[PDB]
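Read the single chain below, which is given as structure tokens and is the form deposited in one PDB entry.
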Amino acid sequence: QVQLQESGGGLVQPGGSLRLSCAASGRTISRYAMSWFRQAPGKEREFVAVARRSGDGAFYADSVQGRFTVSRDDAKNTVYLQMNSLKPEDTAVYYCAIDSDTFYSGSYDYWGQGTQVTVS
């Protein structure tokens, strides 16, 4: 049971920052990779960022370049998404998902519940 518990802030202002946290429920992160997603009404669940195994780096989508930072801590077995220089159009429910393949193929069968973020 990989229950990725997520937490973060609700209200923010333009130019501000935020720290989203995603923690596992008893499964090591050194095996799989982590992914962040955005869901908004009238749109689709766009890809945001992926954190791979240590020594391999991390990757980001085309909408959060130079503005989102993903950090990984194996001691706490958790991941952090730092958002800086925000904009009013980022208001959405953020989701944290995990993989199932050690060769990095997308099998996102474990999803976070989501955190609402409203920005004005």
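Note that residue numbering begins at 1 and tracks the sequence as displayed. Shifts are known only where both forms have a C-alpha. Think of the rigid core as the biggest set of C-alphas that the two forms share within 1.5 Å after superposition.
The form deposited in another entry exists for this protein as well; it is not shown, and the discussion that follows is about that form.
With the core held fixed by superposition, the comparison between this form and the one not shown singles out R27 as the only member of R67, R27, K76, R53 whose CA moves by at least 2 angstroms. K87 is not among the residues whose C-alpha shifts by 2 Å or more between this form and the one not shown once the rigid core is aligned; its shift stays under 2 Å.
Legend: core-fitted overlay between this form and the one not shown; highlighted in sequence order are 25 to 28, 40 to 43, the runs of at least 3 consecutive residues with CA shifts of 2 angstroms or more.
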